[PDB]
Amino acid sequence: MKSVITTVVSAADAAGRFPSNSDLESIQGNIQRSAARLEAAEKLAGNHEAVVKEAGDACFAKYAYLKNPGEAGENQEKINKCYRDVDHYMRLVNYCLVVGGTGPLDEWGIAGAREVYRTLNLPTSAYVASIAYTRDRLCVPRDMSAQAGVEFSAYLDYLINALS
Amino acid sequence: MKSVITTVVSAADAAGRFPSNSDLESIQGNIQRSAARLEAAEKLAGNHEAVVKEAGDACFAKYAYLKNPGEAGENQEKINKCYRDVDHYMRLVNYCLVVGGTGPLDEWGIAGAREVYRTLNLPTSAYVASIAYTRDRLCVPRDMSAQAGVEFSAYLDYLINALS
Amino acid sequence: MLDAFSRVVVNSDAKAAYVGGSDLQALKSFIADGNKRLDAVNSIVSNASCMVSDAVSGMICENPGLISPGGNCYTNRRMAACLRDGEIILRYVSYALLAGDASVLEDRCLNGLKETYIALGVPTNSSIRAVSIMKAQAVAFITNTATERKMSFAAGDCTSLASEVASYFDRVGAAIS
Amino acid sequence: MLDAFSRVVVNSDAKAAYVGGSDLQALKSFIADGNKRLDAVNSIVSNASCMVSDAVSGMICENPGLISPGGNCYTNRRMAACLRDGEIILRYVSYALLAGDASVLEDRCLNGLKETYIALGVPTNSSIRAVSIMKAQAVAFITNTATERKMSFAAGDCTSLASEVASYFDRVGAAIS
Amino acid sequence: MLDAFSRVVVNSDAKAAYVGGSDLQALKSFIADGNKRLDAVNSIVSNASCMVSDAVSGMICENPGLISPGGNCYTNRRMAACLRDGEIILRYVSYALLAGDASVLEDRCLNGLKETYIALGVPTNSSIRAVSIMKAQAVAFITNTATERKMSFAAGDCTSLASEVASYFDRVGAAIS
Amino acid sequence: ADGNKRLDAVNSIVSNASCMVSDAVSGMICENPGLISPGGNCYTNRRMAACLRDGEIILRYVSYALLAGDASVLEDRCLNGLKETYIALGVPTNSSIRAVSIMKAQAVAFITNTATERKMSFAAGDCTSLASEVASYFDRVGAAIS
Amino acid sequence: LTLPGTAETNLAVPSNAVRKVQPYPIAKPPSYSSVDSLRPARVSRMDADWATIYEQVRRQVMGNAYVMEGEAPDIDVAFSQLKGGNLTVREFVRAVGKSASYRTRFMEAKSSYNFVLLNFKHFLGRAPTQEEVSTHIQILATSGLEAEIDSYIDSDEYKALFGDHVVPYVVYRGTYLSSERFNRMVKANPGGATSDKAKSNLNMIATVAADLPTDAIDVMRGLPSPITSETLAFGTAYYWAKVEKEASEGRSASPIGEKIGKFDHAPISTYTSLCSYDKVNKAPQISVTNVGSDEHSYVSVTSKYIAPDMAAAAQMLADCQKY
Ligand SMILES: *C(=C)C1=C(C)[C@@H](Cc2[nH]c(/C=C3N=C(/C=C4\NC(=O)[C@H](C)[C@H]4[C@@H](*)C)C(C)=C\3CCC(=O)O)c(CCC(=O)O)c2C)NC1=O
Ligand SMILES: *C(C)[C@H]1/C(=C/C2=NC(=C\c3[nH]c(C[C@H]4NC(=O)C(C=C)=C4C)c(C)c3CCC(=O)O)/C(CCC(=O)O)=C2C)NC(=O)[C@@H]1C
Ligand SMILES: *[C@@H](C)[C@H]1/C(=C/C2=NC(=C\c3[nH]c(C[C@H]4NC(=O)C(C=C)=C4C)c(C)c3CCC(=O)O)/C(CCC(=O)O)=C2C)NC(=O)[C@@H]1C
Ligand SMILES: *[C@@H](C)[C@H]1/C(=C/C2=NC(=C\c3[nH]c(C[C@H]4NC(=O)C(C=C)=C4C)c(C)c3CCC(=O)O)/C(CCC(=O)O)=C2C)NC(=O)[C@@H]1C
Ligand SMILES: *[C@H](C)[C@H]1/C(=C/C2=NC(=C\c3[nH]c(C[C@H]4NC(=O)C(C=C)=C4C)c(C)c3CCC(=O)O)/C(CCC(=O)O)=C2C)NC(=O)[C@@H]1C
Ligand SMILES: *[C@H](C)[C@H]1/C(=C/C2=NC(=C\c3[nH]c(C[C@H]4NC(=O)C(C=C)=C4C)c(C)c3CCC(=O)O)/C(CCC(=O)O)=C2C)NC(=O)[C@@H]1C
Ligand SMILES: *[C@H](C)[C@H]1/C(=C/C2=NC(=C\c3[nH]c(C[C@H]4NC(=O)C(C=C)=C4C)c(C)c3CCC(=O)O)/C(CCC(=O)O)=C2C)NC(=O)[C@@H]1C
Ligand SMILES: *[C@H](C)[C@H]1/C(=C/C2=NC(=C\c3[nH]c(C[C@H]4NC(=O)C(C=C)=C4C)c(C)c3CCC(=O)O)/C(CCC(=O)O)=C2C)NC(=O)[C@@H]1C
Ligand SMILES: *[C@H](C)[C@H]1/C(=C/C2=NC(=C\c3[nH]c(C[C@H]4NC(=O)C(C=C)=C4C)c(C)c3CCC(=O)O)/C(CCC(=O)O)=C2C)NC(=O)[C@@H]1C
Ligand SMILES: *[C@H](C)[C@H]1/C(=C/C2=NC(=C\c3[nH]c(C[C@H]4NC(=O)C(C=C)=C4C)c(C)c3CCC(=O)O)/C(CCC(=O)O)=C2C)NC(=O)[C@@H]1C
Ligand SMILES: *[C@H](C)[C@H]1/C(=C/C2=NC(=C\c3[nH]c(C[C@H]4NC(=O)C(C=C)=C4C)c(C)c3CCC(=O)O)/C(CCC(=O)O)=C2C)NC(=O)[C@@H]1C
Ligand SMILES: *[C@H](C)[C@H]1/C(=C/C2=NC(=C\c3[nH]c(C[C@H]4NC(=O)C(C=C)=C4C)c(C)c3CCC(=O)O)/C(CCC(=O)O)=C2C)NC(=O)[C@@H]1C
Ligand SMILES: *[C@H](C)[C@H]1/C(=C/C2=NC(=C\c3[nH]c(C[C@H]4NC(=O)C(C=C)=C4C)c(C)c3CCC(=O)O)/C(CCC(=O)O)=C2C)NC(=O)[C@@H]1C
Ligand SMILES: C=CC1=C(C)[C@@H](Cc2[nH]c(/C=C3N=C(/C=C4\NC(=O)[C@H](C)[C@H]4CC)C(C)=C\3CCC(=O)O)c(CCC(=O)O)c2C)NC1=O
């Protein structure tokens, strides 16, 4: 959606012209990253339950005040709801490595977040705790290759920047 | 002007957002694709006075009605204007190959051209008979490389299709 | 709207899955031959203005009553309208051949094409015929079986991609009919 | 507007000169360490909201006369404009690092920023100090000299670009003074 | 567009009659209980942000298909757009409670709500559950029977106004069906 | 058995199926102009557009009958009661015989590549047993409406 | 960004290099218009505040977009310069129309005829004619997106109606240039909660603004008028025709049956050939490709394809005395 192939056929059609030679330089750039971020996509997809096994109770390990009543985490089922709230993000982080752009992360996770979390009383400082814990825990030779872990971590402070 | 560098920093300027992650991926195609077209310039700029003489006359070998009295090439100083009217086109194709796109060919050689040559009575078929003789004098083992020899041919047809 | 990359993540979003390594080698196959398709869209946009005028004048030369008075391509305003009633079809399948699926073609070029041609009086089988010619001229441009003009490629096969562009040229034929 | 590949042609159309192998070596040298430039923007826009909010906060802790009544960052609305006025010019610097020259930064942000800022009453001596910290933040990323965040790269140097963005964060100091 | 005073005089203009004595007698009773209406509007719009987040969350807990994929409040933008969607409704019911008849509600809020809910795909009977929670919250907030937050009025009877504000939530649920 | 010529001969009819109906209608006027006279059948804009529809249904049902190879679905969802309804609509049977006889004689030129204005660039051979099989379908639809 | 006093950009005529900004907003058109006395007032730059102005730009120029708090940052830039005096509200809707937020929900998600129909509704507050469509759709083929938006704002129709300081709105004039120009403006502009967003094609005004005939349906014109003009027409009398219309404007039914393309068929009992009416005029659509060894020669039985009733003339024209 906000991808590389969508932003060249929309720049072709905002000027009303054919596919030129300057958009065919761009799709050659898709060949040079889709051996890196495509096998970064499978590394998150197989290890998806074990990173929220890290980062899920690491979020409450920083702030443990909201395991109280009158708060945002009331009981175990809201904490079971909270692990679904973070697992939707690492779904969408996986989705924009297959796409390439910041397409699925904007209108499925980022747009309306300042609306929803303010009125439903959800703190954004605990949402940026879980992703920044997932950022620095990325070790380069243990997990994947090296450039697969660059645009992995470039999406992780993309949505921190959309919640700071 | 219509680069692969410009068309993504102007598409992101119109949305008011930062340089994205797939915005840094179309520049990665210029880490790949620029080395094919940068030696396309050096075969043109070292040989640009050859091809305007040996294929500027080929439209005159096509059209023998041009030197009649009452016509488009009347005297010698309109034929001297004609080998300048075709050296300006190869100078822009040389400017297109080192920019990346169809940047300089639009506003310096295509915009205005439907109004100028009809009002001054210059036949538009005599320009594209000159460009098609330059396009059908390419071969891989002599002239240039086989990947530069398809993309230098992918600018002369665009000058044909904007006039034919 | 959607390329071939985001089509497989819309289809993996309704079933709430990830995009794992089991259903990736339909798309990991496609960026193996990324350079195969990408020269093959330059084979369509090179002789693009040639193949429009051969399509529309060959439509005229089979039904020669459109140049008669009362015909839809009679007057000189309407022939210019018809000649970029077929250039929009060429541009909006060349977008879809670059992207991978016809999700930018069916919503902007084909969504409401039916009653636009019905109300204006544009005859139906002549406009099918003028894009049936554009079906046949495009698949010869990328199998290198255009009989007059040959283009220079790396010698191999492109029969995966002639069948891709043939399916776009009768999505238009099924939305007009 | 104009990038670094298009800066060399508008210096060479004025002679009607063909570009070639006496100034293509500076044009090949852009593509030589192009990935050093392309990691540079990954180390600016990623940690960008903490970068812009620190420089306006350190400008306040360096001059508490703007928080008084009559100050230019007094009420709650003026702080949100000061957070917004600072993150437009952070974007237009990175639109010039991605290009290679300040054609976008001069002609889409600075052409009129001086005459706007006179008519409002905003003090220019604090906007120099607010863009001074954003110069000093960006040189701690492309020489990796930051305290609380150490990002990993291919090791070596990017000491060319640490002066190059210090050619872009003081063109705004030239226009606003 | 019309208040409770001008609903009288459009009925007197249909007879070409003067507003005499027997039909002003229902209207002087509207003004004598005129501060009861004014405390009733104030007890709705004060705790209005908790009121509309509680209605759209009890709609989730009784029908939890909306947070599932394929739903309608699944996406974070779709939940934000639904939480504003049932916030225009409480703004226009409180205009009709202030004015005294459902005239402003019927044309600036309900005139085309069924058209934009078929085309966008919003479920009609799951919207019914959202406004019937707000019917129960509004008749508790103006009769002061709300358990978590207690207001402070004088003593008396505000049960004609609870039948009044239930009559306005019934028009939202009828025009949506 | 003869699979590749069968796909060639259906390709040479459904490509030019919009000339084949507009010439067979116009030839039916060309040797009886009483259809377009006041009182005739193909006189209005409403009734001409039904006749240009009817030649397309008959040509698309013998297009599939070559593709399957057998005349079985041609007679049981096109011709199982077409004779009884043209007499109930007043469609003249003398004029409809001269519309299936034109569309026979355009179809045998396209398969045998003897069309006098277009040479479709085929391979070489003899597509002549199939051309009497299309003619076998076309005599059957002519014998139905009579 | 430009300069803290500017009235017009881009220099299309020579008389904007000397033109001043208007000190006061322009007056209303001086014809009578009995419907405009039932309408809300003009939102202008002098009388309204910035909470009223940004709401009413979003209610007319943006349709009803439901713009969230973070999304459209480009319109927040162009609103930051509207409050600074750097551009007028005529130039503010020019920056809105050339933004990427206007593109992503009206250009690249709608159709091509449908994009031109929304631009008359958003920028001019009416509906075009077919001669006005075909001049604005040539700019989308030869000059792209930004030269099409620049032709509305720099037109003579804009500066007389709104000028520099009035937000666009539906103007009720009294005397119109045709009587069909009135009732297509009202049809294109209904009131609250309308939002041309998932109405993925219009399809009713997309075929009514394709003929200078076919005056459209009167229940799409009695609906969006102001009330006290349509009471005693909406108790339960024409009310049920409005119920059907709103269930068929939403979900976007195509008017090939009832409105354009109108073939009175034969009776059902007069044929009885292929039994039922459901499967009467069905004949198969066959398309082969013949490229190598990937074909999918798929025969599909297509639907009731009807007579063109426009391509059948030609018939009784190309062979009138001829043939
Ligand atoms: C007189 C007023 C008049 C006729 C008599 C009748 C002419 C007519 N033409 C044919 C034959 C063919 N029509 C064909 C169709 C086409 N030819 C093409 O090349 C394009 C693709 C297509 C659309 C126009 C073909 C292929 C033929 C056979 C070749 C040939 O011409 O012989 C017939 C049937 C044969 C016969 O004469 O018995 C008739 C009757 N139309 C008139 O206007
Ligand atoms: C390839 C198609 C053939 C082939 C053709 C020959 N070309 C000959 C001369 C020639 N060709 C060009 C065009 C070429 N030279 C350039 O410098 C540029 C770009 C700037 C291009 C496209 C020119 C200008 C000339 C004349 C001067 C020269 O020789 O370079 C040629 C010699 C005979 C002749 O001059 O006509 C031949 C045979 N050569 C091949 O080997 C393959 C088969
Ligand atoms: C099918 C239409 C053709 C055919 C196509 C093939 N092309 C193949 C490879 C290939 N294509 C390009 C084009 C690309 N280079 C440019 O400079 C530009 C524009 C600026 C473009 C769009 C390149 C570089 C390559 C080489 C890829 C590589 O190996 O590095 C190809 C090989 C398959 C593949 O590897 O992709 C085929 C089959 N060949 C044919 O015979 C038909 C007629
Ligand atoms: C915000 C907390 C307001 C407030 C609102 C009131 N809500 C009332 C009733 C009510 N609330 C819910 C939602 C709740 N129940 C659930 O089962 C779930 C989860 C699935 C949630 C979030 C429902 C379903 C209802 C019942 C509506 C009905 O009766 O049909 C209510 C009336 C009861 C009362 O409190 O007297 C009010 C006033 N309460 C407050 O004090 C703050 C200001
Ligand atoms: C790299 C700096 C060090 C190193 C660090 C350790 N990591 C340890 C455990 C661990 N880390 C992760 C996150 C990582 N695994 C993933 O699958 C993904 C995303 C796809 C990421 C970012 C996880 C899930 C775990 C738990 C066990 C596992 O599945 O690997 C670890 C053990 C103790 C600890 O947590 O501190 C260390 C020491 N280890 C190394 O070998 C290099 C030098
Ligand atoms: C998260 C905050 C950012 C980040 C920013 C960096 N700031 C850097 C230097 C710096 N910061 C301040 C403001 C600070 N000093 C104060 O005295 C007060 C309060 C009164 C505040 C808020 C100043 C004055 C400076 C020095 C600039 C100068 O004067 O030349 C900096 C570079 C060096 C450093 O790390 O300190 C960075 C990178 N750090 C992060 O990692 C995120 C992105
Ligand atoms: C913050 C670190 C600054 C500061 C900032 C303020 N800017 C204010 C208003 C304003 N700023 C601009 C320029 C901005 N808009 C653009 O479109 C572009 C470039 C493309 C830029 C740089 C404009 C046009 C405006 C007026 C429109 C508006 O925002 O209202 C502002 C508000 C002033 C007030 O009313 O109090 C502030 C506070 N001021 C400071 O003191 C530091 C240095
Ligand atoms: C029904 C919702 C309540 C209730 C209401 C009563 N209020 C009575 C008198 C009264 N109320 C207000 C508040 C209101 N008037 C305003 O002008 C404004 C704000 C602008 C508000 C919020 C006022 C000022 C008065 C003045 C008269 C007085 O009390 O001296 C009242 C007494 C009878 C009457 O005046 O009609 C009643 C019954 N009390 C209840 O028990 C329910 C829960
Ligand atoms: C034109 C070459 C003919 C002719 C045609 C007319 N046919 C009329 C009505 C009609 N025709 C059919 C048969 C056709 N429709 C089918 O569905 C199928 C098989 C699946 C076939 C072969 C039917 C069933 C009908 C009645 C249904 C309907 O009209 O919709 C017709 C009547 C138009 C009118 O009078 O309103 C005409 C003129 N008539 C001719 O004179 C030539 C020979
Ligand atoms: C709420 C919990 C519902 C639900 C609501 C949704 N409504 C959506 C969009 C929408 N709603 C309206 C009507 C509203 N806006 C107005 O301006 C007025 C009256 C003045 C009213 C009554 C409009 C006009 C729109 C579209 C505008 C826009 O695009 O912002 C909506 C968005 C659909 C989507 O994007 O997916 C939702 C989800 N849906 C539910 O499931 C519950 C029952
Ligand atoms: C030529 C192959 C046809 C034929 C074509 C005509 N089309 C006429 C008008 C027209 N066509 C379209 C659709 C097309 N134009 C677009 O801009 C887009 C996409 C955005 C598409 C798909 C539209 C929208 C229009 C109306 C506006 C316009 O003038 O472009 C037309 C003019 C009719 C007249 O007024 O006389 C003709 C003749 N007609 C034929 O007979 C052949 C088969
Ligand atoms: C008077 C002898 C009639 C009658 C007339 C009414 N006409 C009313 C409004 C109106 N009329 C038109 C059509 C007129 N304007 C045009 O531009 C053109 C053609 C170019 C024509 C013929 C329009 C468009 C409108 C409404 C728009 C507007 O007024 O701005 C009208 C007002 C209705 C009301 O508000 O009550 C009346 C009364 N009605 C009669 O009783 C007699 C028979
Ligand atoms: C008869 C109407 C034609 C004609 C046909 C012949 N084609 C022969 C071989 C052949 N035909 C095709 C095309 C066909 N095969 C397909 O899979 C499809 C897809 C729908 C089509 C249309 C192919 C690919 C081949 C094989 C390649 C080759 O030609 O060598 C053929 C040879 C005899 C046989 O093997 O059946 C004949 C006679 N030739 C004609 O003269 C008319 C025009
Ligand atoms: C009565 C008038 C009349 C015409 C105008 C032509 C029009 C025409 N051309 C082709 C067929 C074709 N047309 C082209 C197009 C072109 N060939 C080139 O070399 C150029 C690049 C470009 C024209 C500028 C191509 C490549 C083919 C495929 C076969 C061929 O090369 O001829 C076809 C057959 C398509 C089909 O039905 O399958 C037709 C009808 N024929 C006619 O009967």
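The deposited model was determined using electron microscopy, 2.8 Å.
Backbone N, Cα and C atoms are what each Cβ position is placed from, and that goes for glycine too.
Looking up C:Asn72, C:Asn125 in Swiss-Prot, the residue bearing an annotation of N4-methylasparagine is C:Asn72. Fewest Cβ neighbours within 10 Å among the binding-site residues C:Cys50, C:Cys61, C:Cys82, C:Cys158: this applies to C:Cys61. For C:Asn72 (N4-methylasparagine), the Cβ neighbour count at a 10 Å cut-off comes to 23, with all displayed protein chains included. Calculated from their C-alpha atoms, the gap between C:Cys158 ((2R,3E)-phycoerythrobilin 2 binding site) and C:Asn72 (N4-methylasparagine) amounts to 38 Å.
In sequence order, C:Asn72 are the recorded positions from C:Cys50, C:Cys61, C:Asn72 with a C-alpha within 10 Å of the C-alpha of C:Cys82 ((2R,3E)-phycoerythrobilin 1 binding site). Between C:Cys50 (phycourobilin binding site) and C:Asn72 (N4-methylasparagine), the C-alpha separation comes to 22 Å. The two recorded residues C:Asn72 (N4-methylasparagine) and C:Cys61 (phycourobilin binding site) have their Cα atoms spaced 14 Å from each other.
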